[PDB]
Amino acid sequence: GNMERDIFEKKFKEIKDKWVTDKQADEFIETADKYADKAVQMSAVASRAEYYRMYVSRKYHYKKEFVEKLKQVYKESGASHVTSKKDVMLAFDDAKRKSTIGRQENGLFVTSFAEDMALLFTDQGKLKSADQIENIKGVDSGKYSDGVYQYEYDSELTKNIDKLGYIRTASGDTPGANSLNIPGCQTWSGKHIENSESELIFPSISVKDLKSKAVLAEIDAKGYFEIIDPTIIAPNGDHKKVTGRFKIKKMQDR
């Protein structure tokens, strides 16, 4: 065999979540080396072996130049987190979330806005079906049956967030990481590795005093709800007003 993949598999089995199906678990193991190789090609990790070693250590580290290169993509197009209407409601309504989108100072997992734009639309600029997008994103069937919602940090917001030094990479023990998270600043997208997108952690957005009912109505009427110069939560818990635009969208045809 190979010791690196033996420890990889052992560690996965130890941490596997109860929602993971036997099929997903089997795909996660079988496809592991393709994701390792993708990370090498992206200069995200030193070697395929190092990918497995870092996965087991739970401590994901990356070279400065690689992260700077990756941040460039996000600075150019902004950042995207696709979610359900139910989860949008929870940000406002669920008290433990403390009126923040993202896990308070622990942030929000994002990909680049460009990547979601490329992946979620057909060549005719039509939003893919809820079914297709649920498959792409590896979520439960019906997750987006009420709409594919999207958090968007614009380029200006993203740039100013980077200037503050607030962008993070995920690690094994990041809140919100689960047993299907992997190293390489990339998502695990099952057998269809062509659906894998880059992954960073952005600072959460404060929605203090906003009401879910009203925000969702504005989205229904106009397609989006926007916060100009939002308050963000820093990694250290500082609340800071940052120039730019954050949007909560219901995604639609172009």
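In this text, residue numbers run from 1 along the sequence as written.
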### Query
Given the B-factors recorded for C-alpha atoms, which segment has the greater mean, 104 to 112 or 141 to 149?
141 to 149
### Task
Determine, for stretches 224 to 232 and 207 to 215, which one has the higher mean CA B-factor as deposited.
207 to 215
### Query
Looking at 94, 162, 156, 173, which has the highest Cα B-factor in the entry?
173
### Query
residue 43's Cα B-factor: lowest, middle or highest third of the chain?
highest
#### Entry: Lowest, middle or highest third - CA B-factor, residue 87
lowest
### Task
Pull the Cα B-factor of residue 52 out of the PDB entry and bin it into the chain's lowest, middle or highest third.
middle
### Query
Thinking about Cα B factors across the chain, which third does residue 71 belong to?
middle
## Note on the structure
Here the Cα B-factor of residue 250, set against its chain, lands in the third termed middle
